[PDB]
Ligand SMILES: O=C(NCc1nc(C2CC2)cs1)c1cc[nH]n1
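Taking the form deposited without the ligand, here's one chain by itself in structure tokens.
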């Protein structure tokens, strides 16, 4: 049960308008043969072009929605749509291109997939709502065979060039003309009633149907993300390291200890309400405060209503108005005024953040997290948290070169005394680096309106 058996049944109802008379009884083996691909009994890492839902979820970074619309059967032109927004027109003689023959269209397909996926994945997963023409068009731009490595590196081969007779990964495929060993999944095989638009619109209002192939390709991948990451959640699935994952995660831990520690020193709240991850540990273990935890899993569909986080049924809830409330990646519709918040901005463009469902995004860093759409109005009772570095640690160096630090946001005894010491200058520069890393990864920081770093200077007396 590792791969999808080629002898598994494939439901053909969705294919019978493009392919009338298609056998109701069909396997992946006969379907693949129909598409013009010869597996010839091969045990070399490519058992099936199609993959299980579990295998697709593990390779969510490789997903590219694909749809083909029949503009006019190898005699009429086809519109090729991709979830990148690209529409190509292939002739057999929202980015829309005019009619060109397959030999030139296939060069553009390789270029587009290579530029989209080189920093995300080792493969491509064509996400379909299969009706017929997309499967029968694959023979015009896809070549299959045994698993291979790139001619210029150790990465698996994803492209093929008929000009040079060589194979390349997404990084070294310039001028390559064929997609080599792609994977695919038909969303219609999951058990849906009704067409694509009707099932998609049930969960998302951000992707309209402008009636082009790329609209369907976007809606297809969106519907798939909703089913695999919104309605169904699995935080036990690990994902490879493709970018600044370790640095971003380390930065969030530094930023959270800093911000929370300074809030408790500046306003001396007697109680802190830590709302969110049921596995959370105190970010400031030495603070005086009564630390009270509240369990709430990451919301992947809609942001939590704040009234439901405080709903206690037939008993009195804890008093949230006493002290401060810490919402570290705990997404709510409207934060209370006495809060410290970290809220991921789903609009951020990065290799970790994939487009999601209903304005939301799929942030993949060790685990996959579908996050609801970022909404500025959640923060009406708060203000943006400004950058500051605080330290009560002694001014001692131990064991890099130097330019003296001058900054109003270095809250240390040395700065109060007139001149930043070398230890606090190094630590400040490191902390600013960690902070900028976290902000550029998409995280946004918010705090109660009375927060004032001027209150931190008297903690040195």
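Positions refer to the first chain, counted from 1.
Not pictured, yet referred to below: the form solved in complex with the ligand.
When the ligand is superposed onto this form from its pose in the deposited complex, three or more of its atoms come within 2.4 Å of a backbone or C-beta atom, and the site is therefore classed as blocked. Looking at the ligand in the deposited complex, residues 70, 213 and 216 each place a heavy atom within 4.5 Å of it.
Taking non-hydrogen atoms only, residue 89 approaches the ligand to within 4.5 angstroms in the deposited complex.
Taking the partner from elsewhere, residue 79 is found to have a heavy atom lying within 4.5 Å of the ligand in the deposited complex.
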